[PDB]
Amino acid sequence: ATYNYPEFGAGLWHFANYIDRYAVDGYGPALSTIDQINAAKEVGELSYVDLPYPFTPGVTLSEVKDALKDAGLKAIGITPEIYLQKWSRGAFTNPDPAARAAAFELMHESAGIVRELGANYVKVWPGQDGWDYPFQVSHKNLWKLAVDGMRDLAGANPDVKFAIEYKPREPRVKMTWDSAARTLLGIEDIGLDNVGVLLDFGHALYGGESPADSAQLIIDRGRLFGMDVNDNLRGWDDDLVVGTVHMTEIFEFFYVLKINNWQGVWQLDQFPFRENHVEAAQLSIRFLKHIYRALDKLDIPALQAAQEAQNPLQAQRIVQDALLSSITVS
C-alpha cells in the first residue's frame, strides 16, 4: 500500500518554549523566530508553519524568508500578536480607543506580511477580548466592538483572508468569538467574503461542540479557511498531542473534512510544555498518517447507511474496524 499523505503544518509556537503564571521563569530558554523555524525543520515532515507577528526582537522579514526557504517551509498563516501586554485588556474590544487603533495597525501590517510571504490568511485570535466577571461589560457594546473592528480590518484588506480562531476562553474567563455558531453569526453580520474561520479541534471539543458537526456547519457556509488539531480532556485548551485521548472524535473530524471535499493543510496547534517539542510533532504526524490510512479503509457507504438509520452500534463497529487497524503496519 502507498499513500499520498496530506501536507502537514504547525503553528511556529509548537517550537517555542512557554511561560505561565507559575513557572514565570519559563519552560526552557527563549527561542527566536529563526530558532523555531530551524526546529520545525527537524520534524522532517512539515511543509507549512503559522508565524506570529511581530517576529522575535531583531528578526527581520528577510531572515524569516531565508530560514523558511532553508527549512523547506512556507507560511500558511500569520498570527498578529494582539494578546500581548499592550492589549491585555483587549485588542478589538479594548476600552481605550487608542489601543483598538494600535491593534488595527498591527493586524493591517500583518496582512502585508501575508502578501509578502504568500500565506493563506491572517489568523485572528483575539485572546484578550471578552470579559472576566458578570456585569463587567455591556454585552451589546462589547460584541459590537468585536464585529465592527473585524469588519474594519477585513474591509481594509479585501484581497486577504482573515481566519477567526474561535475559542471558549483563556486568557479571559470568556472570549468574544467563543464558538463555531457565534462566529458564523458574527461573520454574517460583518458581511464580507474574506472573513472565515480557523477551526481548532481542541477548542471545539472543550467548548462542548461536536468538532465534526462544527466543521460541517462552517463548511456549509463556505467559511472553513483552516484547521488546527491537538487533544485535551474536554475541560480546557490542554493542547496535547493529537490522538492521545480522543481518537474516535478526531477520526470523525477528518471524516467530515473528507466527505465534504475539504482540502487543506493538516495543521498542529500544540504546546508540548515539558516534552521534546520536535518529538511531540513527530508523534503527532505519525498519528495523523494513521488517520489518513484509516480513512482509506473506512467503509463509508456502510457507515452512511448506519447513519441514515441512526444506529450507533453499526456506525461504531464500522468506525472501529477502520480506526483499530494496525498503526505499525503503514
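Residues carry their position along the shown sequence, with the first being 1.
Novice: Mean Cα B factor from the PDB record: higher for 56-64, or higher for 271-279?
Specialist: 56-64 has the higher mean C-alpha B-factor.
Novice: Could you say whether, by C-alpha temperature factor, residue 35 belongs to the lowest, middle or highest third of its chain?
Specialist: It belongs to the highest third of the chain when residues are ordered by C-alpha B-factor.
Novice: Sorting by Cα B-factor within the chain, modelled residues only, which third would residue 110 end up in: lowest, middle or highest?
Specialist: Answer is middle: the recorded C-alpha B-factor places it there.
Novice: How does the C-alpha B factor of residue 189 compare with the rest of the chain: lowest, middle or highest third?
Specialist: Within its chain, residue 189 is a highest-third residue by C-alpha B-factor, going by the deposited values.
Novice: Tell me, lowest, middle or highest third: where does the Cα B factor of residue 43 rank within its chain?
Specialist: It falls in the bottom third of the chain.
Novice: Test of reading the entry: by CA B factor among the chain's modelled residues, which third contains residue 127?
Specialist: Middle third of the chain for residue 127's C-alpha B-factor.
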